[PDB]
Amino acid sequence: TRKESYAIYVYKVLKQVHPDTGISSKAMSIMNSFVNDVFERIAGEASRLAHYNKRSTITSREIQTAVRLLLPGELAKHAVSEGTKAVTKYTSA
Amino acid sequence: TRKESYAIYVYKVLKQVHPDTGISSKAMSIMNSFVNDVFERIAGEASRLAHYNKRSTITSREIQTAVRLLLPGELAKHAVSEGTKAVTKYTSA
Amino acid sequence: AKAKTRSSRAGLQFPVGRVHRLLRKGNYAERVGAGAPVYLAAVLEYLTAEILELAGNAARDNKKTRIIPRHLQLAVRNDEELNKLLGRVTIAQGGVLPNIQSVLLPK
Amino acid sequence: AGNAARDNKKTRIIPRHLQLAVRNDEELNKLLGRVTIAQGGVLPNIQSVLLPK
Amino acid sequence: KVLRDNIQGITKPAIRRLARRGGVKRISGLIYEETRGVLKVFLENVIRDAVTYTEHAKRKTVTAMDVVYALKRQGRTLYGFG
Amino acid sequence: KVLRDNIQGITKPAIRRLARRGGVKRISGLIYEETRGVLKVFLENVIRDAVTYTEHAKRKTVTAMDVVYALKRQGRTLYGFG
Amino acid sequence: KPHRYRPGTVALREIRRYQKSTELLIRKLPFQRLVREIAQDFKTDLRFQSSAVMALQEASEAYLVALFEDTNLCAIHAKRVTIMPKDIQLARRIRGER
Amino acid sequence: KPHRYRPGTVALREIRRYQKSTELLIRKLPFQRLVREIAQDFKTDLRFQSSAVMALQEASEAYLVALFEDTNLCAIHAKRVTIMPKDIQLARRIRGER
DNA sequence: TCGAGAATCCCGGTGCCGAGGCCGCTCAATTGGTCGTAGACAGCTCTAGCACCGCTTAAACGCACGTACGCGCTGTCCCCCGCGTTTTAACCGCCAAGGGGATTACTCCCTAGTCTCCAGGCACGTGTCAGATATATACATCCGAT
DNA sequence: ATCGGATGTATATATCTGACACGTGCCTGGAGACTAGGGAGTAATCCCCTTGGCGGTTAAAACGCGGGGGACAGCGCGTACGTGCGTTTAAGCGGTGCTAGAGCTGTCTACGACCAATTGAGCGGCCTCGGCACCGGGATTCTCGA
């Protein structure tokens, strides 16, 4: 059964931050579960706020607002800046 | 702008239980908000379960299961009975 | 073309059609069980009946025809099952149920 | 996690390192204090009156 | 119109009234300001989150449904306001 | 094969081991069984809810993802099991 | 000769009537000014619903009496009738507020 | 002459090494038997994943050490090094477990 | 308090399997049209908020003061820590059976989607009594002398 | 332990009323009827995880066993806190008035939806080998009696 995960991108960004490091597959699964958790969190919050806004379209403004609702302080600030830079890069082409 | 509610229905069931006892609008809107909240509770739970079942359809079995998840013991039991009654009364239509 | 609402078809009060439209617009599942609105609305009818009944109990316990939110707080705090159901829930104009601890009384 | 593991002179990073880092970052902890961690254990926390004399 | 120091606008009689409602007999002074702080801290979140809603609401006035959804997200939901 | 009394199968040495992990020095006896009870009560929920999942799962074996979604619904989510 | 009730007694009756009463115990305007002061910290010149701020104050006071309640309980476990700040702090600690 | 460390000291080192260690402190089979005993109460003859029951025991023990931890803390507020059942009960009380 | 002793830290060496890397092998991601539509936006209201200001007053702050719980200290009991011994069953490793879990392939029942019509719901007026409020009263209960 | 006095509180009464029950005309969501697809349901197949047992081990649990350590009870005092009474103070009513901004309608348009054609990013599966786990042994450091 074709099962999808992210541990490959985990290894990728690890090498991006720590090239000389290994991981326990256990820890990889833990991190992936964490990925899923934050994803469902942000998605549910975005859908809920759009419902409050009666919006049927979830866009990057919703993304940023919901992250700010979720992440604290500089975590949220850096995340907002990063998402902004990335969507700017993608929209540049 | 038409704003839907259930004050009619809550008053109906009030009379059905207490034809004598009155009702305040404050507590009325309290009832309305409460039932909205619990309906969203059951909706989210059943949708979550069906997503776990990966079943795009939401049926009554889901409702029974999820309210059993929701209600503290005997309530649910009592609850499900009338619910069954309902669908029986509606399946016997 | 004889008309009969699903609530009457269930002989109940809560609007099966309205709640069905609501859950449809609620974006929870693609298709729905046609009897699920009936079932859920029946459950709502039941629980609402119990809570309003206890509310009216407190009300005429206080010679009060029109029920006050304080009656609601007292009701939801008395029943174990309903309190458990609504423990982390707050109620406007609720107040606190009567509760004095043992050592609070002077000897 | 890499910080913790290298502090422990470890290349392969075990869940214990991650749990320690979790309970070491206050904002991340706040985000994840409601979350449980497999093979997490408890970050070393010693109470004052617990000490001998 | 820059506001300030309304935290001490909370009267110690008010605090002790709330305490008596909570069923408290004897209280110390050190609590009240401490209390106040907590109060502040508590509301410190919600309003911001609330106006955060209003942030996305693109509006200048702040509404109840804001704090409704906040307390909801704060797991302290309230009834009676839509 | 009807089971029973595995609650006392929890050894007092095990309990005190967990306590030492929690950083506890001196303990009384009255705790352990009390402890056990709580333990039971605690698990009292999850398994049921878990098998409730398995209930809707229409299956005879019980899986981890059951307790995963339980602890999730119990607000005590856990990682490392899919 | 002047009469004075024994300590707590008057406060005891106050407790009794406050568990009897249900309305707010905070003056509206000071609370509102505090809220707006807090608001300008995150963004200045923001308006509010009277219903909104009534909700704020009610929900606050609810949380506050709950804190006072369980801190009273803890002080019972502290075997004192006087309250101590540490009781509140550790209560928040158990309330996960630390 | 025989030597005996002063009380707690050995238990203190036990605490230290247990905060050092991370593995389980409960024997597997007894826990599993307990789980199956609990299961047959709701429905008999139900099977389980070893992963599932490992998760059960880990999550339990986590909740349990958390309870032991904050009850230790409360006992600090109780100014005792010995634990009392009331500490656990009231801790659950603050934990909303009552 | 300087040693004895004990639990521990660390070092080297052994052996291992999970971490990882690579390999077939897709289906899910991309690309590109195409279309109906969510909302972006403009442009109107109007109203609820926002502030103004005055008037009354219940309320708040502070004082003095008794006082009584918090706190600090002592001695006791008992009791839980630590260690020693004895018993056991968790574990671990292996085996085995099957029963359920997952899979795929059909098959079609039910729901989404459409269109029609209207009737229950909703905004909106409208008398009107549940109860809010105030007052005098009768009952309950504390506090101090006896 | 009681009685007397003070005080605070539950009651009846009167009326005021403004929420509130009640009824309307009008609206549209709900019902009713019809069509399609395809999610769901069923069934046969495979696998294979689980549940069961069996034997040996010991680390672990049971149990016992002092015994110092603190839980606890009591006991003095004192400072901090209720209280009732002073004081002054903003709180609330209320009513005024402006409008900024919600809050509504009407476009029109960019924007995914969606489908179709294409495929390489990714995933199950297969080696592989090295940090890592274990072990044994030596050296270090805490601790309890001087």
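Taken together, the values in this text are just the output of simple stated rules run on the coordinates, not laboratory data. Every residue, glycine among them, receives a Cβ derived from its backbone with ideal geometry; neighbour counts consider all protein chains shown.
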> Placing +1 at every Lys and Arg Cβ and -1 at every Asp and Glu Cβ, with all other atoms neutral, what dipole size does the protein assembly as shown have around its Cα centre, in debye to the nearest 20?
Replying inline: 1120 debye
>> As I understand it, the dipole of chain A uses +1 on the Cβ of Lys and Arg and -1 on the Cβ of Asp and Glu, about the Cα centre. Which of A:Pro72, A:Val13, A:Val87 lies farthest toward its positive end?
In response: A:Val87
> How big is chain G by the Kirkwood estimate over distinct Cα pairs, in Å?
Replying inline: 16.4 Å
>> Test of understanding: given chain E, find the longest segment containing no trypsin sites (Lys or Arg not before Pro) that are in a DSSP loop and have at most 13 other Cβ atoms within 10 Å.
In response: E:5-57
> When the Cα atoms of segment B:1-92 are enclosed in a convex hull and the volume is divided per residue, what value in Å³ results?
Replying inline: 152 Å³
>> Using a 7 Å offset from Cα along the direction of the beta-carbon, what are the separations from F:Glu33 to the same position in each other copy, nm, ascending?
In response: 5.1
> Out of F:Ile27, F:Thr52, F:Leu71, whose Cα points farthest toward the positive end of the dipole of chain F (charges: +1 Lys, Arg; -1 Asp, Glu; placed on Cβ)?
Replying inline: F:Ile27
> Under a straight-distance cross-link criterion of Cα-Cα below 24 Å, which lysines are reachable from H:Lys43, leaving out those fewer than 8 residues away in the same chain?
Replying inline: B:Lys77, F:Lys1, F:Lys40, F:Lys58, F:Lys60, F:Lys72, H:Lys28
> Which residue of chain G is nearest the rotation axis onto chain H, counting by its Cβ, and what is the distance in whole Å?
Replying inline: G:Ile94, 2
>> Give the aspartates and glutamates whose C-alpha is closer than 15 Å to that of A:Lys54, dropping any in the same chain fewer than 8 places away, or say none.
In response: A:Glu45, A:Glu62, E:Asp66
> Taking the Cα centre of chain H as origin and charging only Cβ (+1 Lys, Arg; -1 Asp, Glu), how large is the dipole, in debye to the nearest 20?
Replying inline: 580 debye
>> How charged is the neighbourhood of H:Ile83? Take every other residue with its Cβ under 11 Å from the Cβ of H:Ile83, and add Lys/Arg as +1 and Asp/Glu as -1.
In response: +3
> Non-local amide H neighbours of F:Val62 (under 5 Å, H modeled in plane, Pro and chain starts lacking H): which ones?
Replying inline: H:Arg47, H:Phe48, H:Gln49
> For segment C:79-91, what does the Karplus curve 6.51 cos²θ - 1.76 cosθ + 1.60, with θ = phi - 60°, yield as ³J(HN,Hα) per residue in whole Hz, taken in order and with x for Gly and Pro?
Replying inline: 5, 5, 5, 5, 4, 4, 4, 10, x, 7, 8, 10, 10
> Karplus couplings for segment C:47-60 from phi (6.51 cos²θ - 1.76 cosθ + 1.60, θ = phi - 60°), rounded to Hz, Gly and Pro as x?
Replying inline: 4, 4, 4, 4, 5, 5, 5, 4, 4, x, 4, 4, 5, 6
>> Can you give me the long-range amide H partners of B:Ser24? Hydrogens built in the peptide plane at 1.01 Å from N, cutoff under 5 Å, separation of 5 or more residues or another chain.
In response: C:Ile67
>> With a cut-off of 8 Å between alpha carbons and a minimum separation of six or more residues, what is the relative contact order of chain G in percent?
In response: 16 percent
> So, in Å, what gap is there between the alpha-carbon centers of segment E:8-48 and segment F:58-82?
Replying inline: 41 Å
> segment C:26-97: which trypsin sites (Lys or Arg not before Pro) are DSSP loop and have at most 10 other beta-carbon atoms within 10 angstrom?
Replying inline: C:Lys63, C:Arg88
> Rule-of-thumb check for segment H:7-60: C-alpha Rg over 2.2 N^0.38 Å?
Replying inline: 1.54
> Taking amide H positions as placed 1.01 Å from N in the peptide plane, with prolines and chain starts having none, which residues 5 or more places from B:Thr57, or on another chain, fall under 5 Å of its amide H?
Replying inline: C:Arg31
> Can you sort G:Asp41, B:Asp37 so the residue with the fewest Cβ neighbours within 10 Å comes first?
Replying inline: G:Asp41, B:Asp37
> Placing a label point 7 Å from Cα toward Cβ, how far apart in nm is G:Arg33 from its equivalents in the other copies, listed shortest first to one decimal?
Replying inline: 7.0
> How large is ³J(HN,Hα) for each residue in segment H:27-38, as worked out from phi by the Karplus curve 6.51 cos²θ - 1.76 cosθ + 1.60 (θ = phi - 60°), to whole Hz, x for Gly and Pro?
Replying inline: 5, 5, 4, x, 4, 4, 4, 4, 4, 5, 4, 5
> From the label point of G:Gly8, set 7 Å along Cα to the beta carbon, how far off in nm is each other copy's matching point, shortest first?
Replying inline: 3.2
> Which whole-angstrom value gives the distance between the alpha carbon centres of segment H:36-68 and segment A:1-78?
Replying inline: 30 Å
>> For a quick check of your reading of the filter: which trypsin sites (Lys or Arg not before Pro) in segment H:12-84 sit in a DSSP loop and have no more than 12 other Cβ atoms within 10 Å?
In response: H:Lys79
> Name the residues of segment H:1-29 whose amide N is less than 17 Å from a point 7 angstrom out from the Cα of F:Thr11 along the C-beta direction?
Replying inline: H:11, H:14-15, H:18, H:23-29
> Once you list every other residue whose beta carbon is under 9 Å from the beta carbon of E:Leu3, what net charge do they have if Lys and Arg are +1 and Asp and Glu are -1?
Replying inline: +2
>> Within 12 Å, Cβ to Cβ, of B:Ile23, how many net charges do the neighbouring residues add up to if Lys/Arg are +1 and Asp/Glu are -1?
In response: +4
>> From Cα pairs below 8 angstrom and at least 6 apart in sequence, can you work out the relative contact order of segment F:1-67, rounded to a whole percent?
In response: 25 percent
> Hey, which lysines would be in cross-link range of D:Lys10, C-alpha to C-alpha under 17 Å, not counting anything within fewer than 8 residues on its own chain?
Replying inline: A:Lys15, A:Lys26, H:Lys20
> In chain B, which residue puts its Cβ closest to the axis that turns chain B onto chain A, and how many whole Å away is it?
Replying inline: B:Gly44, 4
> Along each of its three principal axes, how wide is the spread of alpha-carbon positions in chain C, in whole angstrom units, largest first?
Replying inline: 75, 32, 20
> What are the GluC sites (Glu not before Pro) within segment C:7-101 that DSSP puts in a loop, where the Cβ has at most 11 other Cβ atoms within 10 Å?
Replying inline: C:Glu30
